[PDB]
>>> print(open('data_22.txt').read())   # compact mmCIF, N, CA and C atoms (P, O5', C5', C4', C3', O3' and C1' of nucleotides)
# COMPACT_ATOMS: atom_id res chain seq x y z
N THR A 1 -6.58 12.86 14.13
CA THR A 1 -5.51 11.81 14.06
C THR A 1 -4.13 12.49 14.01
N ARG A 2 -3.92 13.46 13.10
CA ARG A 2 -2.75 14.38 13.05
C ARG A 2 -3.09 15.77 13.60
N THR A 3 -4.17 16.36 13.10
CA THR A 3 -4.59 17.75 13.38
C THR A 3 -4.95 17.88 14.87
N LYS A 4 -4.80 19.08 15.44
CA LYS A 4 -5.03 19.37 16.88
C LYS A 4 -5.29 20.87 17.03
N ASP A 5 -4.38 21.60 17.71
CA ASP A 5 -4.33 23.09 17.77
C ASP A 5 -3.12 23.56 16.93
N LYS A 6 -2.68 22.73 15.97
CA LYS A 6 -2.00 23.10 14.71
C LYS A 6 -2.86 22.55 13.56
N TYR A 7 -3.75 23.38 12.99
CA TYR A 7 -4.72 23.00 11.92
C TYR A 7 -4.00 22.22 10.81
N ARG A 8 -2.80 22.68 10.50
CA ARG A 8 -1.92 22.13 9.46
C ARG A 8 -0.52 22.62 9.80
N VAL A 9 0.49 21.85 9.43
CA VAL A 9 1.91 22.08 9.83
C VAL A 9 2.71 22.18 8.54
N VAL A 10 3.58 23.17 8.43
CA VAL A 10 4.41 23.37 7.20
C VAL A 10 5.57 22.37 7.25
N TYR A 11 5.71 21.54 6.24
CA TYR A 11 6.82 20.57 6.15
C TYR A 11 8.10 21.36 5.84
N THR A 12 9.23 20.97 6.43
CA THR A 12 10.55 21.59 6.20
C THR A 12 10.88 21.53 4.71
N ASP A 13 11.92 22.23 4.27
CA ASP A 13 12.32 22.18 2.84
C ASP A 13 12.84 20.78 2.56
N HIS A 14 13.66 20.27 3.47
CA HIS A 14 14.40 19.01 3.28
C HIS A 14 13.43 17.87 3.03
N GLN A 15 12.45 17.84 3.93
CA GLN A 15 11.35 16.83 3.96
C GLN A 15 10.70 16.82 2.59
N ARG A 16 10.33 18.04 2.19
CA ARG A 16 9.57 18.27 0.93
C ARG A 16 10.37 17.74 -0.24
N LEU A 17 11.65 18.06 -0.24
CA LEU A 17 12.60 17.66 -1.30
C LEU A 17 12.61 16.14 -1.41
N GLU A 18 12.74 15.51 -0.24
CA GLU A 18 12.82 14.05 -0.14
C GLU A 18 11.56 13.45 -0.77
N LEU A 19 10.43 14.02 -0.37
CA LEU A 19 9.11 13.53 -0.81
C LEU A 19 9.01 13.63 -2.31
N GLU A 20 9.46 14.75 -2.83
CA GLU A 20 9.42 15.03 -4.29
C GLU A 20 10.24 13.99 -5.03
N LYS A 21 11.42 13.71 -4.49
CA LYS A 21 12.35 12.73 -5.08
C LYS A 21 11.64 11.37 -5.16
N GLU A 22 11.02 11.02 -4.03
CA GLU A 22 10.32 9.73 -3.90
C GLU A 22 9.21 9.63 -4.95
N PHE A 23 8.48 10.71 -5.08
CA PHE A 23 7.35 10.81 -6.03
C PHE A 23 7.88 10.57 -7.44
N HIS A 24 8.97 11.25 -7.75
CA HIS A 24 9.61 11.15 -9.08
C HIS A 24 9.97 9.71 -9.37
N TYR A 25 10.58 9.08 -8.37
CA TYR A 25 10.98 7.65 -8.45
C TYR A 25 9.75 6.77 -8.77
N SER A 26 8.67 6.89 -7.98
CA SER A 26 7.32 6.32 -8.26
C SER A 26 6.15 7.12 -7.63
N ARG A 27 5.01 7.19 -8.33
CA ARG A 27 3.82 8.04 -7.99
C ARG A 27 2.99 7.42 -6.84
N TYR A 28 3.13 6.12 -6.61
CA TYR A 28 2.49 5.37 -5.49
C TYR A 28 3.61 4.91 -4.55
N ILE A 29 3.34 4.76 -3.26
CA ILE A 29 4.39 4.36 -2.28
C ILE A 29 3.94 3.08 -1.58
N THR A 30 4.81 2.06 -1.59
CA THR A 30 4.60 0.73 -0.97
C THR A 30 4.55 0.92 0.54
N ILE A 31 3.93 0.01 1.28
CA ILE A 31 3.76 0.21 2.75
C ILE A 31 5.15 0.34 3.38
N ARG A 32 6.02 -0.57 2.98
CA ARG A 32 7.38 -0.73 3.52
C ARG A 32 8.12 0.60 3.35
N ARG A 33 8.06 1.03 2.09
CA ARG A 33 8.77 2.27 1.64
C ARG A 33 8.26 3.44 2.46
N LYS A 34 6.95 3.50 2.61
CA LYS A 34 6.25 4.58 3.35
C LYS A 34 6.79 4.63 4.78
N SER A 35 6.85 3.45 5.38
CA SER A 35 7.31 3.27 6.77
C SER A 35 8.72 3.81 6.91
N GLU A 36 9.55 3.42 5.95
CA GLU A 36 10.98 3.81 5.94
C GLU A 36 11.06 5.35 5.90
N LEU A 37 10.28 5.89 5.00
CA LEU A 37 10.35 7.32 4.65
C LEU A 37 9.92 8.12 5.86
N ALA A 38 8.84 7.70 6.50
CA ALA A 38 8.32 8.41 7.68
C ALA A 38 9.39 8.42 8.76
N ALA A 39 10.01 7.25 8.94
CA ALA A 39 11.05 7.06 9.96
C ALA A 39 12.18 8.08 9.71
N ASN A 40 12.59 8.18 8.45
CA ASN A 40 13.85 8.87 8.10
C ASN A 40 13.61 10.36 7.95
N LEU A 41 12.39 10.88 8.15
CA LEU A 41 12.04 12.29 7.81
C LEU A 41 11.35 13.02 8.97
N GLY A 42 10.92 12.31 10.02
CA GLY A 42 10.23 12.89 11.19
C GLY A 42 8.76 13.13 10.90
N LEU A 43 8.17 12.38 9.96
CA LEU A 43 6.72 12.45 9.67
C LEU A 43 6.09 11.10 10.02
N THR A 44 4.77 11.09 10.24
CA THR A 44 3.99 9.86 10.48
C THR A 44 3.77 9.18 9.13
N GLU A 45 3.71 7.84 9.09
CA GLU A 45 3.28 7.04 7.91
C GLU A 45 2.07 7.76 7.29
N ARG A 46 1.16 8.14 8.17
CA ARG A 46 -0.15 8.70 7.76
C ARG A 46 0.08 9.97 6.97
N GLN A 47 0.98 10.80 7.50
CA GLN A 47 1.33 12.10 6.88
C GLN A 47 1.85 11.86 5.47
N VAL A 48 2.74 10.89 5.37
CA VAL A 48 3.38 10.52 4.08
C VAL A 48 2.31 10.11 3.08
N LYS A 49 1.39 9.27 3.56
CA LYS A 49 0.28 8.73 2.76
C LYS A 49 -0.51 9.90 2.19
N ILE A 50 -0.84 10.81 3.10
CA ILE A 50 -1.68 11.99 2.77
C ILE A 50 -0.99 12.79 1.68
N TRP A 51 0.30 13.00 1.88
CA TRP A 51 1.16 13.81 1.00
C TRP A 51 1.11 13.20 -0.38
N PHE A 52 1.25 11.87 -0.45
CA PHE A 52 1.29 11.22 -1.78
C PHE A 52 -0.04 11.44 -2.51
N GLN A 53 -1.12 11.33 -1.75
CA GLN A 53 -2.48 11.53 -2.30
C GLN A 53 -2.61 12.94 -2.85
N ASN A 54 -2.12 13.89 -2.06
CA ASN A 54 -2.18 15.32 -2.42
C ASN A 54 -1.42 15.52 -3.74
N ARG A 55 -0.25 14.93 -3.78
CA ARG A 55 0.74 15.13 -4.85
C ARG A 55 0.17 14.58 -6.13
N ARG A 56 -0.46 13.42 -6.06
CA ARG A 56 -1.05 12.80 -7.27
C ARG A 56 -2.12 13.74 -7.83
N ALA A 57 -2.94 14.27 -6.92
CA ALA A 57 -4.03 15.19 -7.29
C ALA A 57 -3.46 16.42 -8.00
N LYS A 58 -2.39 16.93 -7.42
CA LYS A 58 -1.69 18.12 -7.95
C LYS A 58 -1.20 17.84 -9.37
N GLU A 59 -0.61 16.68 -9.53
CA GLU A 59 -0.07 16.23 -10.83
C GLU A 59 -1.19 16.19 -11.86
N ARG A 60 -2.31 15.62 -11.45
CA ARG A 60 -3.51 15.50 -12.29
C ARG A 60 -3.96 16.88 -12.75
N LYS A 61 -4.01 17.79 -11.79
CA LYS A 61 -4.40 19.20 -12.01
C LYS A 61 -3.36 19.93 -12.89
P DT B 1 5.45 44.04 6.39
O5' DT B 1 3.88 44.07 6.66
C5' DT B 1 2.97 44.13 5.57
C4' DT B 1 2.83 45.56 5.09
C3' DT B 1 1.52 45.86 4.37
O3' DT B 1 0.94 47.05 4.91
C1' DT B 1 3.36 46.42 2.96
P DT B 2 -0.20 46.93 6.02
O5' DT B 2 -1.49 46.58 5.16
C5' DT B 2 -1.59 47.07 3.82
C4' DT B 2 -2.18 46.01 2.92
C3' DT B 2 -2.68 44.76 3.63
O3' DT B 2 -3.97 44.31 3.15
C1' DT B 2 -1.28 44.15 1.89
P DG B 3 -5.01 45.32 2.45
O5' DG B 3 -6.13 44.34 1.87
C5' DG B 3 -6.98 44.78 0.81
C4' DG B 3 -6.71 44.01 -0.47
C3' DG B 3 -7.61 42.79 -0.65
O3' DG B 3 -8.08 42.92 -1.99
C1' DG B 3 -5.32 42.11 -0.80
P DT B 4 -9.31 42.05 -2.51
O5' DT B 4 -8.78 41.46 -3.89
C5' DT B 4 -7.37 41.39 -4.19
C4' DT B 4 -6.97 39.95 -4.43
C3' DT B 4 -8.03 38.94 -3.99
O3' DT B 4 -8.01 37.79 -4.84
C1' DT B 4 -6.01 38.42 -3.01
P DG B 5 -8.75 37.79 -6.22
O5' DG B 5 -7.87 36.82 -7.13
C5' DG B 5 -6.46 37.07 -7.34
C4' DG B 5 -5.67 35.78 -7.42
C3' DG B 5 -6.46 34.50 -7.68
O3' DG B 5 -5.66 33.73 -8.59
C1' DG B 5 -5.25 34.28 -5.67
P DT B 6 -5.92 32.16 -8.81
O5' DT B 6 -4.73 31.49 -7.98
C5' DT B 6 -3.37 31.89 -8.19
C4' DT B 6 -2.43 31.02 -7.38
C3' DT B 6 -2.67 29.52 -7.54
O3' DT B 6 -1.39 28.94 -7.81
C1' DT B 6 -2.77 30.10 -5.25
P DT B 7 -1.20 27.36 -7.78
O5' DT B 7 -0.82 27.08 -6.26
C5' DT B 7 0.36 27.71 -5.72
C4' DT B 7 0.85 27.00 -4.48
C3' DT B 7 0.85 25.47 -4.54
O3' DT B 7 2.04 25.03 -3.87
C1' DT B 7 -0.52 26.18 -2.76
P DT B 8 2.30 23.48 -3.62
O5' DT B 8 1.92 23.29 -2.07
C5' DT B 8 2.59 24.14 -1.14
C4' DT B 8 2.18 23.89 0.29
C3' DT B 8 2.35 22.46 0.79
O3' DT B 8 2.93 22.61 2.10
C1' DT B 8 0.11 23.13 1.08
P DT B 9 3.30 21.34 2.94
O5' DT B 9 1.93 21.10 3.74
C5' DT B 9 1.69 19.90 4.49
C4' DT B 9 0.62 20.18 5.51
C3' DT B 9 -0.01 18.96 6.14
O3' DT B 9 -0.17 19.26 7.52
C1' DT B 9 -1.68 20.26 5.08
P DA B 10 -0.50 18.12 8.56
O5' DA B 10 -2.01 17.73 8.24
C5' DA B 10 -3.07 18.44 8.89
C4' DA B 10 -4.41 18.16 8.25
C3' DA B 10 -4.87 16.70 8.27
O3' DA B 10 -5.58 16.41 9.46
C1' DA B 10 -5.57 17.88 6.31
P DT B 11 -6.14 14.92 9.71
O5' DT B 11 -7.69 15.02 9.33
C5' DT B 11 -8.46 16.21 9.59
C4' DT B 11 -9.76 16.16 8.83
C3' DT B 11 -10.37 14.77 8.74
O3' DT B 11 -11.42 14.64 9.69
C1' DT B 11 -10.45 15.88 6.60
P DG B 12 -12.02 13.22 10.00
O5' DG B 12 -13.32 13.15 9.07
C5' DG B 12 -14.29 14.18 9.18
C4' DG B 12 -15.28 14.04 8.05
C3' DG B 12 -15.92 12.66 7.91
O3' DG B 12 -17.34 12.83 7.69
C1' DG B 12 -14.72 13.18 5.93
P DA B 13 -18.24 11.62 7.13
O5' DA B 13 -17.98 11.69 5.56
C5' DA B 13 -18.57 12.73 4.79
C4' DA B 13 -18.88 12.22 3.41
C3' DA B 13 -19.55 10.85 3.34
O3' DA B 13 -20.53 10.90 2.29
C1' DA B 13 -17.44 10.75 2.26
P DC B 14 -21.43 9.61 1.94
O5' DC B 14 -20.55 8.84 0.86
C5' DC B 14 -20.31 9.51 -0.38
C4' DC B 14 -19.37 8.71 -1.25
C3' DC B 14 -19.71 7.23 -1.43
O3' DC B 14 -19.74 6.87 -2.83
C1' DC B 14 -17.47 7.47 -0.82
P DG B 15 -19.89 5.33 -3.30
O5' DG B 15 -18.42 4.94 -3.74
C5' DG B 15 -17.72 5.76 -4.69
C4' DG B 15 -16.57 4.96 -5.26
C3' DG B 15 -16.89 3.48 -5.49
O3' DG B 15 -16.28 3.00 -6.71
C1' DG B 15 -15.17 3.67 -3.89
P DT B 16 -16.56 1.49 -7.23
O5' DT B 16 -15.16 0.78 -7.02
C5' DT B 16 -13.99 1.39 -7.58
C4' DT B 16 -12.75 0.64 -7.14
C3' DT B 16 -12.82 -0.88 -7.31
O3' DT B 16 -11.58 -1.30 -7.87
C1' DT B 16 -12.25 -0.37 -5.11
P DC B 17 -11.44 -2.75 -8.52
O5' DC B 17 -11.18 -3.69 -7.26
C5' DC B 17 -10.07 -4.60 -7.22
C4' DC B 17 -9.05 -4.08 -6.22
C3' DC B 17 -8.15 -5.14 -5.58
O3' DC B 17 -6.81 -4.64 -5.53
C1' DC B 17 -9.30 -3.94 -3.88
P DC B 18 -5.83 -4.82 -6.79
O5' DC B 18 -6.77 -5.41 -7.94
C5' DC B 18 -6.29 -5.57 -9.29
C4' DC B 18 -6.14 -7.03 -9.63
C3' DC B 18 -7.44 -7.77 -9.93
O3' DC B 18 -7.27 -8.81 -10.90
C1' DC B 18 -6.47 -8.68 -7.96
P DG C 1 -12.22 -6.89 11.44
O5' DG C 1 -12.97 -6.67 10.06
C5' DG C 1 -14.15 -5.82 9.95
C4' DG C 1 -13.77 -4.36 9.85
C3' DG C 1 -14.63 -3.42 10.70
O3' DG C 1 -13.93 -2.23 11.11
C1' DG C 1 -14.99 -2.95 8.40
P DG C 2 -12.39 -2.28 11.63
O5' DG C 2 -11.56 -2.67 10.33
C5' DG C 2 -10.39 -1.92 10.04
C4' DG C 2 -9.32 -2.71 9.34
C3' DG C 2 -8.29 -1.75 8.79
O3' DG C 2 -6.93 -2.19 8.83
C1' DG C 2 -9.32 -2.87 6.97
P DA C 3 -5.79 -1.08 8.83
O5' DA C 3 -5.53 -0.83 7.28
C5' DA C 3 -4.44 -1.50 6.64
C4' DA C 3 -4.35 -1.08 5.19
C3' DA C 3 -4.33 0.42 4.95
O3' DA C 3 -2.99 0.93 5.00
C1' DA C 3 -5.86 -0.68 3.44
P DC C 4 -2.44 1.88 3.83
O5' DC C 4 -2.43 0.94 2.55
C5' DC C 4 -2.07 1.45 1.25
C4' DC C 4 -3.28 1.88 0.44
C3' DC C 4 -3.34 3.36 0.06
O3' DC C 4 -2.54 3.63 -1.11
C1' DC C 4 -5.52 2.32 0.29
P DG C 5 -2.65 5.02 -1.91
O5' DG C 5 -3.99 4.87 -2.74
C5' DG C 5 -3.99 4.50 -4.12
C4' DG C 5 -5.34 4.85 -4.71
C3' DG C 5 -5.57 6.35 -4.74
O3' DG C 5 -5.11 6.87 -5.96
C1' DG C 5 -7.48 5.28 -3.88
P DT C 6 -5.28 8.38 -6.22
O5' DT C 6 -6.86 8.51 -6.35
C5' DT C 6 -7.50 9.05 -7.53
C4' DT C 6 -8.95 9.33 -7.23
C3' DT C 6 -9.30 10.80 -7.02
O3' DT C 6 -9.85 11.35 -8.21
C1' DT C 6 -10.29 9.41 -5.31
P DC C 7 -9.55 12.86 -8.61
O5' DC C 7 -11.11 13.51 -8.44
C5' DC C 7 -12.33 12.92 -8.02
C4' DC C 7 -12.92 13.69 -6.83
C3' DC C 7 -12.40 15.12 -6.55
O3' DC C 7 -12.66 16.36 -7.33
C1' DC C 7 -12.64 13.85 -4.48
P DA C 8 -14.13 17.11 -7.40
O5' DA C 8 -14.47 17.53 -5.90
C5' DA C 8 -15.83 17.30 -5.44
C4' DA C 8 -16.12 18.07 -4.17
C3' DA C 8 -15.92 19.58 -4.26
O3' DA C 8 -16.96 20.16 -3.46
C1' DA C 8 -14.38 18.68 -2.70
P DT C 9 -17.01 21.74 -3.20
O5' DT C 9 -16.24 21.91 -1.83
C5' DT C 9 -16.61 21.11 -0.72
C4' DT C 9 -15.69 21.41 0.43
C3' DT C 9 -15.28 22.88 0.52
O3' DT C 9 -15.51 23.35 1.83
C1' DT C 9 -13.37 21.50 0.63
P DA C 10 -15.40 24.94 2.11
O5' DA C 10 -14.60 24.99 3.47
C5' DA C 10 -14.86 24.04 4.49
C4' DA C 10 -13.71 24.07 5.47
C3' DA C 10 -13.24 25.47 5.82
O3' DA C 10 -13.05 25.52 7.22
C1' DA C 10 -11.42 24.23 4.92
P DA C 11 -13.00 26.93 7.97
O5' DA C 11 -11.44 27.20 8.12
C5' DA C 11 -10.71 26.29 8.91
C4' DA C 11 -9.24 26.42 8.63
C3' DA C 11 -8.70 27.85 8.67
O3' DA C 11 -7.54 27.81 9.48
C1' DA C 11 -7.95 26.77 6.74
P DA C 12 -6.92 29.16 10.05
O5' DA C 12 -5.37 28.95 9.77
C5' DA C 12 -4.74 27.77 10.26
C4' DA C 12 -3.47 27.52 9.50
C3' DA C 12 -2.47 28.68 9.51
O3' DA C 12 -1.19 28.08 9.67
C1' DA C 12 -3.04 28.18 7.30
P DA C 13 0.09 28.97 9.89
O5' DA C 13 0.67 29.11 8.42
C5' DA C 13 1.08 27.94 7.73
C4' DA C 13 1.61 28.32 6.37
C3' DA C 13 2.52 29.55 6.31
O3' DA C 13 3.68 29.13 5.58
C1' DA C 13 0.77 29.76 4.74
P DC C 14 4.93 30.08 5.35
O5' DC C 14 4.75 30.50 3.82
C5' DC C 14 4.62 29.43 2.87
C4' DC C 14 4.27 29.93 1.49
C3' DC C 14 5.16 31.06 0.96
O3' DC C 14 5.47 30.66 -0.39
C1' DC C 14 2.92 31.70 0.77
P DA C 15 6.66 31.34 -1.15
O5' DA C 15 6.18 31.30 -2.67
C5' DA C 15 4.79 31.11 -3.03
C4' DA C 15 4.40 32.00 -4.19
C3' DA C 15 5.50 32.95 -4.69
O3' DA C 15 5.32 33.08 -6.11
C1' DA C 15 3.71 34.22 -3.78
P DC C 16 6.28 34.00 -7.00
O5' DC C 16 5.54 35.42 -7.03
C5' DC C 16 4.14 35.56 -7.39
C4' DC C 16 3.75 37.02 -7.40
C3' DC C 16 4.94 37.98 -7.54
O3' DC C 16 4.63 39.19 -8.27
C1' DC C 16 3.75 38.52 -5.61
P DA C 17 4.88 39.35 -9.89
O5' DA C 17 3.41 39.24 -10.49
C5' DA C 17 2.91 40.22 -11.41
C4' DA C 17 1.79 41.03 -10.80
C3' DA C 17 1.81 42.52 -11.15
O3' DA C 17 0.47 42.91 -11.49
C1' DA C 17 1.56 42.31 -8.88
P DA C 18 0.16 44.42 -11.85
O5' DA C 18 -0.13 45.06 -10.43
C5' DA C 18 -1.47 45.20 -9.94
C4' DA C 18 -1.40 45.85 -8.58
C3' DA C 18 -1.19 47.37 -8.60
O3' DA C 18 -2.35 48.05 -8.11
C1' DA C 18 0.18 46.28 -6.97
>>> encode(input="data_22.txt", output="structure tokens")
Amino acid sequence: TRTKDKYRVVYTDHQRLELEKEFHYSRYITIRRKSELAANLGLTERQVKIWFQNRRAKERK
DNA sequence: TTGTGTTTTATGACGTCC
DNA sequence: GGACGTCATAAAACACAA
């Protein structure tokens, strides 16, 4: 769906920062918010979703 | 350097929506 | 039969004592 002949892609610093800020604001992301964020950062909704899931896991750990 | 231990993307499997 | 949540796990990329 995302993966191809780039197994995984390194997110820019800026992107990462934005995501972190969003996470801090709230740990779950609304569909609308997700859509906005993907639009404004050059990532797919799906990518954003994945990231949030990862981040929650990380927090738990 | 460069091993090697850890972190970041990403997936399928399985679970719960109030 | 979707959407999103967990999780164990693979592989690329990084962090950094040695």
>>> atom_distance(input="data_22.txt", atom1="atom C of residue A:5", atom2="atom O5' of residue B:2")
25.9 Å
>>> interface_residues(input="data_22.txt", of="chain C", to="chain A", cutoff="7 Å", atoms="only N, CA and C atoms (P, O5', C5', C4', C3', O3' and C1' of nucleotides)", output="PDB file with N, CA and C atoms (P, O5', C5', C4', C3', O3' and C1' of nucleotides), in the frame of the given file")
ATOM      1  P    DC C   4      -2.440   1.880   3.830  1.00  0.00           P
ATOM      2  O5'  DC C   4      -2.430   0.940   2.550  1.00  0.00           O
ATOM      3  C5'  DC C   4      -2.070   1.450   1.250  1.00  0.00           C
ATOM      4  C4'  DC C   4      -3.280   1.880   0.440  1.00  0.00           C
ATOM      5  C3'  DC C   4      -3.340   3.360   0.060  1.00  0.00           C
ATOM      6  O3'  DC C   4      -2.540   3.630  -1.110  1.00  0.00           O
ATOM      7  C1'  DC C   4      -5.520   2.320   0.290  1.00  0.00           C
ATOM      8  P    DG C   5      -2.650   5.020  -1.910  1.00  0.00           P
ATOM      9  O5'  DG C   5      -3.990   4.870  -2.740  1.00  0.00           O
ATOM     10  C5'  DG C   5      -3.990   4.500  -4.120  1.00  0.00           C
ATOM     11  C4'  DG C   5      -5.340   4.850  -4.710  1.00  0.00           C
ATOM     12  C3'  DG C   5      -5.570   6.350  -4.740  1.00  0.00           C
ATOM     13  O3'  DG C   5      -5.110   6.870  -5.960  1.00  0.00           O
ATOM     14  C1'  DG C   5      -7.480   5.280  -3.880  1.00  0.00           C
ATOM     15  P    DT C   6      -5.280   8.380  -6.220  1.00  0.00           P
ATOM     16  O5'  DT C   6      -6.860   8.510  -6.350  1.00  0.00           O
ATOM     17  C5'  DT C   6      -7.500   9.050  -7.530  1.00  0.00           C
ATOM     18  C4'  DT C   6      -8.950   9.330  -7.230  1.00  0.00           C
ATOM     19  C3'  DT C   6      -9.300  10.800  -7.020  1.00  0.00           C
ATOM     20  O3'  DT C   6      -9.850  11.350  -8.210  1.00  0.00           O
ATOM     21  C1'  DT C   6     -10.290   9.410  -5.310  1.00  0.00           C
ATOM     22  P    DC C   7      -9.550  12.860  -8.610  1.00  0.00           P
ATOM     23  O5'  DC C   7     -11.110  13.510  -8.440  1.00  0.00           O
ATOM     24  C5'  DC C   7     -12.330  12.920  -8.020  1.00  0.00           C
ATOM     25  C4'  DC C   7     -12.920  13.690  -6.830  1.00  0.00           C
ATOM     26  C3'  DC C   7     -12.400  15.120  -6.550  1.00  0.00           C
ATOM     27  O3'  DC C   7     -12.660  16.360  -7.330  1.00  0.00           O
ATOM     28  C1'  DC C   7     -12.640  13.850  -4.480  1.00  0.00           C
ATOM     29  P    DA C  11     -13.000  26.930   7.970  1.00  0.00           P
ATOM     30  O5'  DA C  11     -11.440  27.200   8.120  1.00  0.00           O
ATOM     31  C5'  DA C  11     -10.710  26.290   8.910  1.00  0.00           C
ATOM     32  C4'  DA C  11      -9.240  26.420   8.630  1.00  0.00           C
ATOM     33  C3'  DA C  11      -8.700  27.850   8.670  1.00  0.00           C
ATOM     34  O3'  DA C  11      -7.540  27.810   9.480  1.00  0.00           O
ATOM     35  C1'  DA C  11      -7.950  26.770   6.740  1.00  0.00           C
ATOM     36  P    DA C  12      -6.920  29.160  10.050  1.00  0.00           P
ATOM     37  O5'  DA C  12      -5.370  28.950   9.770  1.00  0.00           O
ATOM     38  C5'  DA C  12      -4.740  27.770  10.260  1.00  0.00           C
ATOM     39  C4'  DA C  12      -3.470  27.520   9.500  1.00  0.00           C
ATOM     40  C3'  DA C  12      -2.470  28.680   9.510  1.00  0.00           C
ATOM     41  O3'  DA C  12      -1.190  28.080   9.670  1.00  0.00           O
ATOM     42  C1'  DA C  12      -3.040  28.180   7.300  1.00  0.00           C
ATOM     43  P    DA C  13       0.090  28.970   9.890  1.00  0.00           P
ATOM     44  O5'  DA C  13       0.670  29.110   8.420  1.00  0.00           O
ATOM     45  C5'  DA C  13       1.080  27.940   7.730  1.00  0.00           C
ATOM     46  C4'  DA C  13       1.610  28.320   6.370  1.00  0.00           C
ATOM     47  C3'  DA C  13       2.520  29.550   6.310  1.00  0.00           C
ATOM     48  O3'  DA C  13       3.680  29.130   5.580  1.00  0.00           O
ATOM     49  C1'  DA C  13       0.770  29.760   4.740  1.00  0.00           C
ATOM     50  P    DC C  14       4.930  30.080   5.350  1.00  0.00           P
ATOM     51  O5'  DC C  14       4.750  30.500   3.820  1.00  0.00           O
ATOM     52  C5'  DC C  14       4.620  29.430   2.870  1.00  0.00           C
ATOM     53  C4'  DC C  14       4.270  29.930   1.490  1.00  0.00           C
ATOM     54  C3'  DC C  14       5.160  31.060   0.960  1.00  0.00           C
ATOM     55  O3'  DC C  14       5.470  30.660  -0.390  1.00  0.00           O
ATOM     56  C1'  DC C  14       2.920  31.700   0.770  1.00  0.00           C
TER      57       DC C  14
END
>>> residues_around(input="data_22.txt", residues="residue A:27", least_positions_apart="4", cutoff="10 Å", atoms="only C-alpha atoms (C1' of nucleotides)", output="ChimeraX atom specification")
/A:20,22-23,52-53,55-56,59
>>> write_last_selection(input="data_22.txt", atoms="N, CA and C atoms", output="compact mmCIF listing (two decimals), in the frame of the given file")
# COMPACT_ATOMS: atom_id res chain seq x y z
N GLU A 20 9.46 14.75 -2.83
CA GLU A 20 9.42 15.03 -4.29
C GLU A 20 10.24 13.99 -5.03
N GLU A 22 11.02 11.02 -4.03
CA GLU A 22 10.32 9.73 -3.90
C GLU A 22 9.21 9.63 -4.95
N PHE A 23 8.48 10.71 -5.08
CA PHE A 23 7.35 10.81 -6.03
C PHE A 23 7.88 10.57 -7.44
N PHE A 52 1.25 11.87 -0.45
CA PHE A 52 1.29 11.22 -1.78
C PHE A 52 -0.04 11.44 -2.51
N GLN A 53 -1.12 11.33 -1.75
CA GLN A 53 -2.48 11.53 -2.30
C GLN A 53 -2.61 12.94 -2.85
N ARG A 55 -0.25 14.93 -3.78
CA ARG A 55 0.74 15.13 -4.85
C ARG A 55 0.17 14.58 -6.13
N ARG A 56 -0.46 13.42 -6.06
CA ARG A 56 -1.05 12.80 -7.27
C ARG A 56 -2.12 13.74 -7.83
N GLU A 59 -0.61 16.68 -9.53
CA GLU A 59 -0.07 16.23 -10.83
C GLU A 59 -1.19 16.19 -11.86
>>> atom_distance(input="data_22.txt", atom1="atom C1' of residue B:8", atom2="atom C of residue A:51")
10.1 Å
>>> closest_atom_pairs(input="data_22.txt", of="chain B", to="chain A", cutoff="5 Å", atoms="only N, CA and C atoms (P, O5', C5', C4', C3', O3' and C1' of nucleotides)", output="Markdown table")
| residue | atom | partner | partner_atom | distance |
| --- | --- | --- | --- | --- |
| B:9 | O3' | A:9 | N | 3.3 |
| B:10 | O3' | A:3 | N | 3.9 |
| B:11 | P | A:3 | N | 4.2 |
>>> atom_distance(input="data_22.txt", atom1="atom CA of residue A:15", atom2="atom CA of residue A:48")
10.2 Å
>>> residues_around(input="data_22.txt", residues="residue B:1", least_positions_apart="2", cutoff="12 Å", atoms="only C-alpha atoms (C1' of nucleotides)", output="ChimeraX atom specification")
/B:3 /C:16,18
>>> write_last_selection(input="data_22.txt", atoms="N, CA and C atoms (P, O5', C5', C4', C3', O3' and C1' of nucleotides)", output="mmCIF file, in the coordinates of the input")
data_model
loop_
_atom_site.group_PDB
_atom_site.id
_atom_site.type_symbol
_atom_site.label_atom_id
_atom_site.label_comp_id
_atom_site.auth_asym_id
_atom_site.auth_seq_id
_atom_site.Cartn_x
_atom_site.Cartn_y
_atom_site.Cartn_z
ATOM 1 P P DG B 3 -5.010 45.320 2.450
ATOM 2 O "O5'" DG B 3 -6.130 44.340 1.870
ATOM 3 C "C5'" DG B 3 -6.980 44.780 0.810
ATOM 4 C "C4'" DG B 3 -6.710 44.010 -0.470
ATOM 5 C "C3'" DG B 3 -7.610 42.790 -0.650
ATOM 6 O "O3'" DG B 3 -8.080 42.920 -1.990
ATOM 7 C "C1'" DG B 3 -5.320 42.110 -0.800
ATOM 8 P P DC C 16 6.280 34.000 -7.000
ATOM 9 O "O5'" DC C 16 5.540 35.420 -7.030
ATOM 10 C "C5'" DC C 16 4.140 35.560 -7.390
ATOM 11 C "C4'" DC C 16 3.750 37.020 -7.400
ATOM 12 C "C3'" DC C 16 4.940 37.980 -7.540
ATOM 13 O "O3'" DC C 16 4.630 39.190 -8.270
ATOM 14 C "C1'" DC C 16 3.750 38.520 -5.610
ATOM 15 P P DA C 18 0.160 44.420 -11.850
ATOM 16 O "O5'" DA C 18 -0.130 45.060 -10.430
ATOM 17 C "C5'" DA C 18 -1.470 45.200 -9.940
ATOM 18 C "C4'" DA C 18 -1.400 45.850 -8.580
ATOM 19 C "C3'" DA C 18 -1.190 47.370 -8.600
ATOM 20 O "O3'" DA C 18 -2.350 48.050 -8.110
ATOM 21 C "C1'" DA C 18 0.180 46.280 -6.970
#
>>> axis_aligned_box(input="data_22.txt", around="stretch 38-41 of chain A", padding_each_side="5 Å", output="AutoDock Vina command-line options")
--center_x 11.1 --center_y 10.0 --center_z 8.2 --size_x 15.5 --size_y 16.0 --size_z 13.5
>>> select_by_dssp(input="data_22.txt", residues="chain A", states="helix (DSSP H, G or I)", output="ChimeraX atom specification")
/A:13-25,31-41,45-60
